[PDB]
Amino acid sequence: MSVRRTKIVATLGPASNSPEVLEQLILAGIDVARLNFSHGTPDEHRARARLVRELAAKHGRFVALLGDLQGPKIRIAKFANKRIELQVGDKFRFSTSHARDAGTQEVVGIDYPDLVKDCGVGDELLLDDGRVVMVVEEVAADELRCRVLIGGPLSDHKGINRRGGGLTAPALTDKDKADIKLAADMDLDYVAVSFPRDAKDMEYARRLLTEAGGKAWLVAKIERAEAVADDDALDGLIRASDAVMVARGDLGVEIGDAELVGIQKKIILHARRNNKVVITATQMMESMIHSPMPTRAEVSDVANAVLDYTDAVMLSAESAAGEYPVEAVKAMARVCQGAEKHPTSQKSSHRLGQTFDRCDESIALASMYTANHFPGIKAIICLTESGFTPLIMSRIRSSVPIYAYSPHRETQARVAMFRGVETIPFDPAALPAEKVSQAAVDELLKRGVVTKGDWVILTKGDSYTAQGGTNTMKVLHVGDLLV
């Protein structure tokens, strides 16, 4: 089998907090560790962040760190005895005037006044990611009086949303502003914004991140009905980001699970067309929380995401809280490898008939065209400062390995989420100009990726100091004297 191209995002948590498990996850092949700021303390995150970077370096791997902002997720308050159980037909109330610590079998408090204002009789409310469902029977100034449609347990601080969406909330909370600073302070590679509705929400988050001196790239989580209402809404949000996440948990609540299949495919495609990275997420291997093997549906879900040409697939509870975090990563990685053998994973239309905007864009596209048609080419050596050039290369369907050669750590980590891209640390400026090409080829010969007789593509610009000036494509024969 070939080296896996689709990247794996693994959420960390109680089940993946020790050095022994993190080491095993690194070895199993995680490419990105997600730190969910909805839970844990700042120091818990710092400790994990330090440990993943240490253990990655220990094994010559490049793992990005993604920080996930909680967002304006609306939660219930606490219960007196920490949890309750509800049956179909039971009556239940959400009250702004009920004490936050005194939840009972009949009522719980909520610290969000506009919840009651935005809801009306008939609205369906979904709690704990849809596990419990209620319908609003009566509205008063301070509470919603409901009937349970689908029973189950309820416990402190569980999430609530309305079927259809449309709830008022700010995109950035005060917690999120603090977490943005925390992310900048930890030098996180990616930061994910929850529940954005339009480009403004992402621009605001970008402002705050730069103001805090953060260099992270921004991920827009597509979880709101308004974000997918039409192509302009979606494309606007995508263009304001560096990456997007198909956040199927909250999105499914907002638009209905029966609409997910079409929207997942649209989001991935529109992301790639706008030269952004895309992640597919949520319940991809849920059964592995309690089982050491996935279901056939789970295998199919992941494989189909790979054929949709997602950059990465994500684990949440499977890796953060479940009994088999390492086995989940292993299984996910194996399914990705299998799906990548399909003929549709390697054949491209190469954006025929379209208009290119930039010069560096053109060299990237020209290289993918060349590599996909001259099969003697076994690798692409992309000398890059910020990772932009191999971002463009990896938007094109191919099975050729793309190597991002960079001296910077920021870049070496960034590309870990790019489908088909591997990092090779390399500093061309600190070498005699005439020796750069053979030096780059040496790095692949060391690793056994290419041998004498194979061909390779090298891309670069004129200087080795500025960014955004890729303008050259060379096709080199491994074995020849390379200038």
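Residues carry their position along the shown sequence, with the first being 1.
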Fill in: Stretch with the greater mean C-alpha B-factor as recorded in the entry, comparing 136-144 against 334-342
334-342
Practice prompt. Would you determine, from the values in the PDB entry, which of 385-393 and 198-206 has the greater average C-alpha temperature factor?
Written response: 198-206
Response to the item:
When the entry's CA B-factors for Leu69, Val456, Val436, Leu65 are compared, the highest one belongs to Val436
Fill in: Maximum C-alpha temperature factor, selected from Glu223, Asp301, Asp111, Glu259
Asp111
Worksheet item: If you rank the chain by CA B-factor, which third does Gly420 end up in: lowest, middle or highest?
Response: lowest
Item to complete: Ordered by C-alpha B-factor within the chain, which third holds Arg358? Give me lowest, middle or highest, please.
Response: highest
Worksheet item: Going by what the PDB entry lists, where does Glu443 fall on CA B-factor within its chain: lowest, middle or highest third?
Response: middle
Practice prompt. Sort the modelled residues of this chain by their C-alpha B factor and say whether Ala216 lands in the lowest, middle or highest third.
Written response: highest
Fill in: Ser348 by Cα B-factor - lowest, middle or highest third of the modelled chain
middle
